[PDB]
Protein chains: 2
Amino acid sequence: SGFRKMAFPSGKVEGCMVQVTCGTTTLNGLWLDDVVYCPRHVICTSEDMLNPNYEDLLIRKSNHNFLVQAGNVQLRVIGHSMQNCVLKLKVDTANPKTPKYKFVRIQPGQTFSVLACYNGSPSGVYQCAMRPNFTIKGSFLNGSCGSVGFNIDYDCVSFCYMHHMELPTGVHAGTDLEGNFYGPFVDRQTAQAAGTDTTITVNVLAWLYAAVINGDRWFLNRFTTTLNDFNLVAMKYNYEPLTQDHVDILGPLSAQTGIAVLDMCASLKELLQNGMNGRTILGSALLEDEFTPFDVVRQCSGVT
Amino acid sequence: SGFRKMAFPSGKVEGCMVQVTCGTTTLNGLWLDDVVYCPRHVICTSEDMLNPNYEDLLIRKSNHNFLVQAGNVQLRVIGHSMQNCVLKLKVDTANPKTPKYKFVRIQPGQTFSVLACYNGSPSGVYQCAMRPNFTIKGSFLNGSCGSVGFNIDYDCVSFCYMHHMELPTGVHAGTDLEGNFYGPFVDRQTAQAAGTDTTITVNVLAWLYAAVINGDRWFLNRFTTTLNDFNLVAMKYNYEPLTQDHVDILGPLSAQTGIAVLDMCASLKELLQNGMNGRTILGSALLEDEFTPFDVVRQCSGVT
Ligand SMILES: NC(=O)[C@H]1CCC[C@H]1c1ccsc1
Ligand SMILES: NC(=O)[C@H]1CCC[C@H]1c1ccsc1
């Protein structure tokens, strides 16, 4: 029992973190097989960052300009290429700690673990969600760029995020491991406002199922609703619209608890309309939206 | 920027987790050097757990009754002893993945990382605090016993917690790695009520400093208070009394922010007396007490 914001064990990703230095800029890279993946802004001075021409900046860079250190042993760079917003540095040695891995572009609402890193060294691990405005609410200081988000399925690490940038509003923007930004963000020091940070309704509902399973039931009411009626309420409160897809995904939590998805929607409707009246749910005084239905099943069943 | 409930990288502890089986009971052990540490209730049937005589149960057990598996390779047990509430199983092989490590008994209010495990396999990692009533608010299913709490100082893992028991109130009790329970808890299936779960005042104040550093300042007021005056308010709200020791520990956050500890105490006093009036601090609608002053400094400075 008990419900915790839980990250994946970070060991498999720890073994892939390296330091990448180009001139005076140091940040983190990800070493998988004989390739080190890092943000392309490694080649920039913070002066460059106001309006960088990455193609032009990269012409000036040779393999020997990319200093790659794994612990206290230097990797030899035999090749470099820009793919979108990442650099791929070919090294002469395959990372012996390379786990089974995939590159995946996640959808907004999807959760993952961040191994925050500085100078290629892990500092800590936390669970995130891709916000519907394609930002993440992270914890990243100068030097954290190239820190990666990931999921683990048994022994396979699915990398989904590489950290690139803090918006002037202190939220975080980054790419997949093909170097494509989530959302409309560019690797430039410029006016970039995030859109509306909507609540991930299916995640809140999953979290309400998790609460019921853990004995926090005070918020269960006598009411039901319809997808259309719920969705009017959700519009009002900047909640993501709930689809039949979301209802189907919540099926196993529905079955386990014996609470129909639409009944739980009516509980959420009352919580939105009435607030928690100074009460808590799984030790939160607001509605948590960074557990997926899959996250609730996994934590509540104990998958390793 | 941004502030996250952050766990230590779990890699170093992942390499120590093994499965221990005695008859029909399986749980987790911790393999350091040539010793596997596990909860002594590994020798119990859930029938035994109502009133176990561990000394008597252990007479019936030989080294070959303790099945210890690290991945898919069996460890040979050459010795067993009971120390307090843990078993120490001497194996013929030193864990090659043994990190630098210490056993430490933490004080209530101290934070640590839990690597939740099932059948010796890591499922996830989260940050905890030892509550002032010597319970932890964990996430532990059947099979999670022997999962361990730890801190890391650069390369040294300080193990502080081994998981033993869920109270009927769904909070968690356990031992240090010498097998001494935190608080008055015993490894028996019996009436055990936790005392008052007081709020860790010095941690809440550290978290308010973290909020100020991250731009969440709405709660800073024009008032100050005294230790004695604050402590009357803290008594009323089941907050731990604030000592000069706590004030000294908060010194560096005080210096960084230029907000005197007693001024911040007056901000906390108003928040206790007035509540947050539907507002949030670092994305929380209540006062977070599971960051230590050390945690705030580390996260806010980026220690690896
Ligand atoms: N907004 C930021 O993170 C800037 C401060 C440090 C990195 C730099 C940047 C800008 C666009 S990509 C990286
Ligand atoms: N309260 C509990 O956790 C019981 C259920 C499973 C383990 C068993 C126990 C009791 C005292 S120590 C371990």
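Whatever order the structure lists ligands and atoms in, that order sets their numbers, starting from 1. Hydrogens, waters and symmetry mates are skipped; everything else that's a heavy atom, side chains included, is used. Chain naming here is simple, since letters A, B, ... match the order of the sequence lines and numbering starts at 1 in each.
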Enquirer: If the cut-off is 4.0 Å to any non-hydrogen atom of B:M49, which atoms of ligand 2 fall inside it?
Expert: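 Atoms satisfying the 4.0 Å criterion: 9 (C), 10 (C), 11 (C), 12 (S), 13 (C).
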
Enquirer: For atom 5 (C) of ligand 1, state whether the nearest protein heavy atom is under 4.0 Å away.
Expert: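 There is no protein heavy atom less than 4.0 Å from atom 5 (C) of ligand 1.
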
Enquirer: Which of parallel (below 30°), tilted (30 to 60°) and perpendicular (above 60°) describes B:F159 and B:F103?
Expert: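 Rings of B:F159 and B:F103: perpendicular, over 60°.
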
Enquirer: Are A:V148 and A:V13 close enough that some pair of their side-chain heavy atoms sits under 4.5 Å apart?
Expert: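 Heavy-atom side-chain distance check passes, below 4.5 Å.
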
Enquirer: Assess the residue pair A:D187 and A:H164 against the criterion (side chain to side chain donor-acceptor pair (under 3.5 Å)); give the C-alpha distance rounded to whole Å, side-chain angles, the decisive distance to 0.1 Å, and a yes or no.
Expert: CA-CA 7 Å; A:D187 45 2; A:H164 286 241; 4.6 Å; no

Enquirer: Check the pair A:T135, A:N133 against side chain to side chain donor-acceptor pair (under 3.5 Å), reporting the backbone distance first and the verdict last.
Expert: CA-CA 6 Å; A:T135 64; A:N133 68 0; 2.6 Å; yes

Enquirer: At less than 4.0 angstrom from any non-hydrogen atom of B:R188, what atoms of ligand 2 do you find?
Expert: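 So the atoms of ligand 2 that pass are 11 (C).
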
Enquirer: Kindly compute the distance separating OH (B:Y118) from CG (B:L27), expressed to the nearest 0.5 Å.
Expert: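 Here the interatomic distance stands at 12.0 Å.
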
Enquirer: Output yes when a protein non-hydrogen atom is found under 4.0 Å of atom 11 (C) of ligand 1, and no otherwise.
Expert: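 Looking at atom 11 (C) of ligand 1, one finds that a protein heavy atom does lie closer than 4.0 Å.
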
Enquirer: Take the angle between the ring planes of B:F66 and B:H80 and call it parallel below 30°, perpendicular above 60°, tilted in between.
Expert: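 Tilted: the ring planes of B:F66 and B:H80 meet at 30° to 60°.
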
Enquirer: Indicate yes or no: does an N/O atom of B:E166 lie under 3.5 Å from an N/O atom of ligand 2?
Expert: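 Checking ligand 2 against B:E166, an N or O pair does fall under 3.5 Å apart.
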
Enquirer: Is B:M165 touching ligand 2 with its side chain, its backbone, both, or neither, if touching means heavy atoms under 4.0 Å apart?
Expert: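 For B:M165, the contact with ligand 2 is made by both the backbone and the side chain.
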
Enquirer: Hey, does A:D187 come in under 3.5 Å of ligand 1, counting only N/O atoms on both sides?
Expert: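 N/O-N/O distance under 3.5 Å: no.
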
Enquirer: Determine whether any protein heavy atom is located less than 4.0 Å from atom 2 (C) of ligand 1.
Expert: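 For atom 2 (C) of ligand 1 the answer is yes, since some protein heavy atom falls inside 4.0 Å.
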
